[PDB]
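Residue-level listing of the chains:
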Amino acid sequence: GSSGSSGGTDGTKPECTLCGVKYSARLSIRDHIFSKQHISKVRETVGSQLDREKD
Ligand SMILES: [Zn+2]
């Protein structure tokens, strides 16, 4: 016989893979991104310091 295969994943749980800060059933993506906690990661992940030569 046959067991069966999978052809579609689902699981957009409220989390921030970027800051690894899994939001709580209550918390929300907004409340997060709207907190230094997140911003910081967004400032470091790339950096604040400007580039040598500007465009
Ligand atoms: Zn975040």
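Residue labels here follow a simple count from 1 along each chain's written sequence instead of the entry's numbering, which may differ, and residues missing coordinates are not shown. Heavy atoms from the whole structure form the basis of all side-chain values; hydrogens and water molecules are not counted.

Here we look at the overall build of the chain
Next up, step 1: Within the chain one finds two helices and zero strands.
Next up, step 2: Radius of gyration here is computed from C-alpha atoms only, and the compact-globule reference equals 2.2 Å multiplied by the residue count raised to the power 0.38. The globule rule puts the C-alpha radius of gyration for 55 residues at 10 Å, and the 19 Å found for the chain is more than 25% above it.
Next up, step 3: The principal-axis extents of the C-alpha atoms in the chain amount to approximately 65 × 30 × 15 Å.
Next up, step 4: Element-wise, carbon and sulfur atoms account for 47% of the exposed surface of the chain, whose accessible area totals about 5400 Å².
Next up, step 5: Charge counting treats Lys and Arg as positive and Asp and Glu as negative, with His and both chain ends excluded. Note on charges: their place is set at NZ of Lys, CZ of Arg, CG of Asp or CD of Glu. Taking the average place of the 9 positive charges on the side chains of the chain and the average place of its 7 negative ones, the gap between the two points comes to 7 Å. Only DSSP runs of H or I reaching four residues or more are called helices, and only runs of E reaching two or more are called strands; each is numbered from the N terminus. Only the protein chains shown count as cover for residues, with accessible areas throughout obtained via the Shrake-Rupley method and a probe of 1.4 Å.

Re the environment of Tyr23
Next up, step 1: Here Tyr23 is to be found in the segment before α1 (29–33).
Next up, step 2: Assessed through its relative accessible area of 2%, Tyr23 is described here as buried.
Next up, step 3: C-alpha separation for the pair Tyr23 and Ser6, spaced 17 residues apart in sequence, amounts to 28 Å.
Next up, step 4: When neighbours within four sequence positions are excluded, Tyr23 is seen to be in contact with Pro14, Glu15, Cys16, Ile29 and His32. Each residue is assigned to one of three classes by its accessible area relative to the maximum for its type, calculated with a 1.4 Å probe on protein chains only: buried under 20%, partly exposed between the two thresholds, exposed over 50%. Should any heavy atoms of two residues lie within 4.5 Å, those residues are counted as being in contact.

Some points on the coordination of the zinc ion
Next up, step 1: A donor here means any N, O or S atom no more than 2.8 Å from the metal (3.2 Å for Na, K and Ca); water is not included, so a site may seem to lack partners. Those donors, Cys16 (SG), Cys19 (SG), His32 (NE2) and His38 (ND1), are the protein atoms that reach the zinc ion, and they lie 2.1 to 2.3 Å from it.
Next up, step 2: Under the classification used here, a metal with four donors is tetrahedral if each angle lies between 85 and 135 degrees, square planar if opposite donors are over 155 degrees apart and the others between 65 and 115, a six-donor metal meeting that same test is octahedral, and anything else is irregular. Seen from the zinc ion, its four donor atoms lie at angles of 98 to 118°, and the figure they make is tetrahedral.
Next up, step 3: As a motif over one chain, the donors of the zinc ion read C-x2-C-x12-H-x5-H. Accessibility classification places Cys16 together with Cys19 in one group, the buried group.

Things to note about the side chain of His38
Next up, step 1: By the secondary structure assignment, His38 is in helix α2 (residues 36–44).
Next up, step 2: One polar contact links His38 to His32, side chain to side chain, over a distance of 3.4 Å.
Next up, step 3: Among all residues touching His38, those that are not within four sequence positions of it are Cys16, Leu18, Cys19, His32 and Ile33. Any pair of nitrogen or oxygen atoms within 3.5 Å is treated as a polar contact; in protein, a donor-acceptor pairing is required on top of that, and neighbouring residues in sequence qualify only through side-chain atoms on both sides.

Here's the deal with the environment of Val46
Next up, step 1: On the secondary structure map, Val46 appears in the segment after α2.
Next up, step 2: A relative accessible area of 62% means that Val46 is categorised as exposed.
Next up, step 3: Separated by 19 residues in sequence, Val46 and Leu27 have C-alpha atoms that sit 25 Å apart.

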